[PDB]
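Below is one structure, written out as structure tokens; comments come after it.
Residue numbers count from 1 along this sequence. These values consider heavy atoms only, across backbone and side chains, with no hydrogens, waters or symmetry-generated copies. Atoms within each ligand, like the ligands themselves, are counted from 1 in listed order.
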Amino acid sequence: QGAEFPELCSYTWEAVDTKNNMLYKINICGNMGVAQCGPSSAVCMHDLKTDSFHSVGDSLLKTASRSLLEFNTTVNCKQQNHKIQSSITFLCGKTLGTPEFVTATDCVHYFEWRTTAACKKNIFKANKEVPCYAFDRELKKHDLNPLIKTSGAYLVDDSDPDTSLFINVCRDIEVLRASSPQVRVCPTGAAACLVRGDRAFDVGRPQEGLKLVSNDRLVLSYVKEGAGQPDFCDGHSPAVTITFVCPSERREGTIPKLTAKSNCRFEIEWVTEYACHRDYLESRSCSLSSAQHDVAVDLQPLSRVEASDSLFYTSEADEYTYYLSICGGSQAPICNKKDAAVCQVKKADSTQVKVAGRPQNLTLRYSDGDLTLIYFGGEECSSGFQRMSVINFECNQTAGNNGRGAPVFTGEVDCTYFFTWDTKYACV
Ligand SMILES: *[C@@H]1O[C@H](CO)[C@@H](O[C@@H]2O[C@H](CO)[C@@H](O[C@@H]3O[C@H](CO[C@H]4O[C@H](CO)[C@@H](O)[C@H](O)[C@@H]4O)[C@@H](O)[C@H](O[C@H]4O[C@H](CO)[C@@H](O)[C@H](O)[C@@H]4O)[C@@H]3O)[C@H](O)[C@H]2NC(C)=O)[C@H](O)[C@H]1NC(C)=O
Ligand SMILES: *[C@@H]1O[C@H](CO)[C@@H](O[C@@H]2O[C@H](CO)[C@@H](O)[C@H](O)[C@H]2NC(C)=O)[C@H](O)[C@H]1NC(C)=O
């Protein structure tokens, strides 16, 4: 078909309101198969407190807009004259993403979904992508979206100097836009590719979404149906199973590893903190705590400087100049009212300024030994993607500027601007 976010109708998506112990099941097409919800429920709410189900949005009472889906119901609200409703705002994203619970009134349940399905150009869409997250019994989110590559793949660790095993997470490997002459040899649509020198073989494609087996173990399975197999396996249909493991203790990142290769039925283990609860990895402020993240970080001191130099940071590039105002700091004059944490100014014409990240939209993340600060919600690019900036922090106890260091623009990839920043404040 292709009507109203097609690639999303293939699955039933969950979302949660942790403050109220509510687990939501979302099926934009209205067919999650939950007897307690009703056959046409589009948004079903599982009240875990009373263990009961209530549809809060019906697929047959849908109103669609460019980036908005509203589902009404015939259920009267606690507030007289109002019916229960559910509303999902869509924004362009680079991965399939997840429907994030935003808030709920007594009558309306609001969600926000940043997904490749809501972009203006099918350009960001993967050939095939599946849900890449799962909630545990405590309603904590285990999200692998950050590991999904929109270009290239991951070289898996094994012991075959004739085989090079490449995989992507929750989707096919983009072989067209690949810089590796090796990956550029893989078949399109493949999520797992075996390169036996001057030859590549699709040994797995995405089908089902990520699954949680234990509070610290996530499993993803790629398969292949029908004949036409490589046959080096002797009639065995290729299959790949990846087990993502959340380490009990923080540690440096490790590469996924091949633990089995029983003839076209590869098994990989990947120990990564991305498999842990998301709230253990992220903060919506410039600090991480030992209590919540097992790491103590505070970037607030980077927004302050001696009464001698600029109140903001300047990161020059070939055709643009970037001004960064971090952790509530002050912005450069040129980026006046704009309210941007990161602002891009065209060198050739300084009247062209684009917000590349807003202060109210920040995520400080620490996972697998890397500290990242992300500012999002910037002005939309032609693709519909709101500009965003990612600052890859690096520990350096003797970093210049008395430890504060300074941001260095390292490049742009489709409206996501990257910077590297060595600072003593990134030392864990
Ligand atoms: C889910 O439950 C809700 C809550 O009751 C219902 O929501 C109402 O839905 C109607 C549409 O059926 C809404 O009315 C429509 O609003 C559109 C937007 O209005 C704003 O923006 C325009 C910009 O052009 C302004 O002109 C306008 O003043 C507002 O600022 C309008 O564009 C629509 O206009 C079209 O229809 C009307 C007649 O309905 C024509 O006169 C016009 O020429 C034009 O063709 C329309 O007015 C209404 O606002 C919603 N109420 C809310 C949100 O509280 C849903 O209908 C229900 N779902 C289902 C399936 O029934
Ligand atoms: C992105 O930042 C904006 C503000 O900079 C947040 O959006 C605001 O949300 C409130 C309600 O919470 C609205 O009243 C405002 O109108 C919104 N601002 C505008 C003009 O868009 C948004 O919530 C931030 N994203 C997240 C998830 O933190």
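Nearest to atom 7 (O) of ligand 1 among the protein's heavy atoms is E70 OE1, 4.3 Å. Looking only at heavy atoms of the protein, atom 61 (O) of ligand 1 is closest to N72 OD1, 3.6 Å. The nearest heavy-atom contact from the protein to atom 60 (C) of ligand 1 is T63 OG1, 3.9 Å.
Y313 pairs in a ring-ring contact (aromatic ring centres under 6.0 Å, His included) with only one of the listed residues (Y323, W421, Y322), which is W421.
The pair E7-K128 fails the salt-bridge criterion, with no side-chain N (NZ, NE, NH1 or NH2) lying under 4.0 Å from an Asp/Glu carboxylate O.
Within the 4.0 angstrom cut-off, atom 58 (N) of ligand 1 has one or more protein heavy-atom neighbours. Within a 4.0 Å radius of atom 1 (C) of ligand 1, the protein has at least one heavy atom. Atom 37 (C) of ligand 1 is never approached by the protein to below 4.0 angstrom, counting heavy atoms only. For atom 22 (C) of ligand 1, the nearest protein heavy atom is 4.0 Å or more away. Put simply, atom 42 (C) of ligand 1 has no protein non-hydrogen atoms near it, under 4.0 Å away.
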Just distance, no hydrogens or angles: give the donor-acceptor pairs under 3.5 Å from side chains in residues 305-312, sequence neighbours left out.
none

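Between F5 and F90, the two ring planes are parallel [angle under 30°; tilted spans 30° to 60°].
We find the OG1-CZ distance between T89 and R66 to be 11.0 Å, quoted to the nearest 0.5 Å.
In this structure, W13 has its ring center no closer than 6.0 Å to that of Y24.
The closest side-chain heavy-atom distance from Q292 to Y280 is not below 4.5 Å.
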What does the contact table look like for ligand 2 (nitrogen or oxygen on each side, cut-off under 3.5 Å)?
residue	atom	partner	partner atom	Å
ligand 2	2 (O)	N361	OD1	2.9
ligand 2	2 (O)	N361	ND2	2.4
ligand 2	5 (O)	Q360	NE2	2.9
ligand 2	25 (N)	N361	OD1	3.0
ligand 2	25 (N)	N361	ND2	2.8
ligand 2	28 (O)	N361	OD1	3.0

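Polar contact check, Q85 against ligand 1: a nitrogen or oxygen pair lies under 3.5 Å apart.
For the residue pair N392 and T420, no side-chain donor N or O sits within less than 3.5 Å of a side-chain acceptor on the partner. At a cut-off of 3.5 Å, with distance as the only test, a side-chain donor of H277 or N215 sits close to an acceptor on the other residue.
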>> Checking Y366 against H293 for the ring-ring contact (aromatic ring centres under 6.0 Å, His included) test, could you report, in this order, the C-alpha distance in whole Å, the side-chain angles of both residues, the deciding distance, and whether it holds?
In response: CA-CA 8 Å; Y366 187 72; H293 317 277; 9.3 Å; no
